[PDB]
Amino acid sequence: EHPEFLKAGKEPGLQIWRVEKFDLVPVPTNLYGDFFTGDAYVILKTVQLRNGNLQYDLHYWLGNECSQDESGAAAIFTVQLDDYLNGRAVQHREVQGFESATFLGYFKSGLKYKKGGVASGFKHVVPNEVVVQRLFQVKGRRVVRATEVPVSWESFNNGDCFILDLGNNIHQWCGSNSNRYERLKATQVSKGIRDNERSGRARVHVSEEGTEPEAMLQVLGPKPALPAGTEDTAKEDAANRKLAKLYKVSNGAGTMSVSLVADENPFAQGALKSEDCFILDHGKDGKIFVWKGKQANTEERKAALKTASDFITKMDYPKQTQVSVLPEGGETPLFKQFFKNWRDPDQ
């Protein structure tokens, strides 16, 4: 608590730790002096003072090739160690090839630098980056639903709408024979992806036959003659009505039950209740959603997650099926589309 802090430093001597993936790991004892240039270390020296208590010196050493997390951690570990020694230790920053004379005098043979070291702890991100290229068919008679299809002109027809999502840019495209309800849904979902999925950091471009932009053609290739299409039948509508099922994971009644709430679309928003988790299985399209209620307990959450991902293999869904997990209030458009009249809480 922490085990390495407990060991340090209780008597005269020299201790050396290497920073490894956010941790303080003691250096093999006959390796003291060997220093990896890709790495960062912390060194405590303890001297016996003739008055009974001890003098501490903390030196954190930084190789010319060490990653920022390691040098940052090395530094912070130094202060946490000094604090644990009631601020009674003197901190020295030691840069490779510029080490303090006092530091050098801790090693009777002199340091030996070593190429390489342990991989950085950082996962790497570029802020606000999104890499997305996907295509949607927005289709229905009166019950329009968005469903994913290959990124090619072959998916297109002059009778439905399509959302070509490229990250910062969303192409909403409707064919001339697309009915009134498909148009609203195209717009609803496009704005959803932009404002909600991309936090407003995206631009929607509306298009149709003969207006489609450079960047759309850049992906899809040169526009061929598009088919059709057949009008939407009330029978196709009732199919969209059965596209997804809605389960409730709860143990509120003493035991873990996964109940089927609804198999008919659109679901009632009211059905998603905060004390529990829910799964919206749209697995055929490769999408299962795990809705965590803010008051659902931790076991309910792990179960929902487990159940959701069992479905992929139980129902032989086409992996790479994506299980997205949604916090209450953090719901996404491709999941909000299955509800009757979504009401945005704070409005």
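Numbers for residues come from their place in the sequence shown, where the first is 1.
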property: Of 11 to 19 and 322 to 330, the one with larger mean CA B-factor; result: 11 to 19
property: Comparing 220 to 228 with 255 to 263, the one whose average Cα B-factor in the PDB entry is higher; result: 220 to 228
property: Maximum C-alpha temperature factor, selected from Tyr106, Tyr247, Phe77, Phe162; result: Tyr106
property: Selection by C-alpha B-factor (highest) of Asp237, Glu94, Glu197, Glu148; result: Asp237
property: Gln133 - Cα temperature factor, lowest/middle/highest third of chain; result: middle
property: Ranked C-alpha temperature factor of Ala308 among modelled chain residues, by third; result: highest
property: CA B-factor placement of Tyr317, once the chain's modelled residues are sorted into thirds; result: highest
property: Modelled-residue ranking by C-alpha temperature factor, third containing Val290; result: lowest
property: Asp57 by Cα B-factor - lowest, middle or highest third of the modelled chain; result: highest
